[PDB]
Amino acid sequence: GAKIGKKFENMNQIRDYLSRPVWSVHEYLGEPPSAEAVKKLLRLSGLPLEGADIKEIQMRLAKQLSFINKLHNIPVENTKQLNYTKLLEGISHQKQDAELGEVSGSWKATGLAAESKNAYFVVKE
């Protein structure tokens, strides 16, 4: 738990405190997933399988997971309600904001697309 000590009386007390035998965060912080796991991950990430270095991904992920899995050994230790009038007041004050492009036809929704067909977006089979 968190703790506050006595006030420092002079600068040398701070120098001693900063020199105490205490480990750094660096010192405190010091079986890869299968190839089928990486391929699954690449698919969920919408990334290509062709050209992917599977073993390299396995290795990197293995290191990453070993770092975050340090959490496995760390143990563990009434908000603003929306009421009726606020519900109804909130509803009554809802409107279309020009700065959000909420008015129908206020901007060309397909205008930023590299490809389209008339007013439709297109996806190729």
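Residues carry their position along the shown sequence, with the first being 1.
- Where coordinates are absent for parts of the deposited sequence, a chain break appears; between neighbours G51 and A52 there is no such break.
- In this entry, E77 is separated from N78 by 10 or more residues of the deposited sequence that have no coordinates.
- When the two stretches 91-99 and 51-59 are set side by side, the higher mean Cα temperature factor goes to 51-59.
- Higher mean CA temperature factor, per the PDB entry, when comparing 13-21 with 106-114: 106-114.
- In this entry, the residue among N73, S45, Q64, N83 with the greatest C-alpha B factor is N73.
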